[PDB]
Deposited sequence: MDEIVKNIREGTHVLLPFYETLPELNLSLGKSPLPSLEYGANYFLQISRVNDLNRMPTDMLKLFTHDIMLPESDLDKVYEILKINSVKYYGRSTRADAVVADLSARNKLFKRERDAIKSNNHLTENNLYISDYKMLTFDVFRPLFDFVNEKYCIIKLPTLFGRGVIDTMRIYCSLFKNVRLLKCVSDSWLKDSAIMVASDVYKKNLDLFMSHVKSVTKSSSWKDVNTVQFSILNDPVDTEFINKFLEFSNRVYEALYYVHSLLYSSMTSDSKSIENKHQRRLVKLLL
């Protein structure tokens, strides 16, 4: 598809709307909300190639991705383009990492037990995604590199930010990894009314007015799902990212499973042109 290659090679973005009214808050620390089909979970698009690459040996994943893992430099460029030197920032990404631990092939007859990759992992989304709001004061921008677009928590989190700031953009940069479902939120033009209501709620729970890293855990914050319309506008973005990832990961899997049984094959070659 030409939209896949356009997105990988130029980037893509969505503008999200401003919601005067903050949803009912109910921060809870420990466990994140579950992915669900109501929140746009699509296991064939978002997950199935990830399960294939999980099941490979990490030594082999390392080899077949050596030449296409670049240093992720998307936040540095975002700073530059927005002539920042201001802005509060958080990075929940796994910069220059793809897998969490060395692991052998999972045998054919064994079904996958946990996600070893930093891809489509809703558990990466820890409560420090709201760390920038504590040391917020008078900054024009709140920039967050998200680690995933998978699951319910990342959508509920963008819904909160969309009441806190009047201009919220979700994007994925050319100089991010297109092996991973990371993205950047750029918010600007804060709305004190709700920043204050949010922080009051959060502080009555953590019972501290400054950040403690012990609170960098998984979390849930909303109860009632969000307006279907909002999920759908998010998916306008995440669908395009997962569609690009799906092709990327399909080339990789085809290469790693080629009859050639070598790293020089038609799929590996096409994957290099795509990403570099």
Quiz item: Since the structure holds only modelled residues, which stretches of the deposited sequence does it leave out?
Solution: 86 to 96
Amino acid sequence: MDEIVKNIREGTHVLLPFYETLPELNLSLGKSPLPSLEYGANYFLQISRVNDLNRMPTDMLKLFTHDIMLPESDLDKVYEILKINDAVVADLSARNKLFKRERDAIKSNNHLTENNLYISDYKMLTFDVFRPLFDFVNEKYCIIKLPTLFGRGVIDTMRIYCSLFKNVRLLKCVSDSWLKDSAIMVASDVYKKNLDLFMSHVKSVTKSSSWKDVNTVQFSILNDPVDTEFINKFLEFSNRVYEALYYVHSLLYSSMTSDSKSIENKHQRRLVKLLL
From here on, numbers count along this sequence of modelled residues.
Quiz item: Looking at the deposited entry, does 118 to 126 or 193 to 201 carry the larger mean Cα B-factor?
Solution: 193 to 201
Quiz item: Mean C-alpha B-factor higher for 153 to 161, or for 76 to 84?
Solution: 76 to 84
Quiz item: Reading the B-factor column of the entry, which of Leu245, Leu37, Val226, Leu53 has the highest value at its C-alpha atom?
Solution: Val226
Self-check item: Assigned third (lowest, middle, highest) for the C-alpha B factor of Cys173
Solution: lowest
Quiz item: Compared with the other modelled residues in the chain, in which third is the CA B-factor of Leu274?
Solution: middle
Quiz prompt | Position of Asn109 among the chain's modelled residues by C-alpha B-factor, lowest, middle or highest third | solution = middle
Quiz item: Going by what the PDB entry lists, where does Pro132 fall on CA B-factor within its chain: lowest, middle or highest third?
Solution: middle
Quiz item: Against its chain's modelled residues, does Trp211's Cα B factor rank lowest, middle or highest third?
Solution: middle
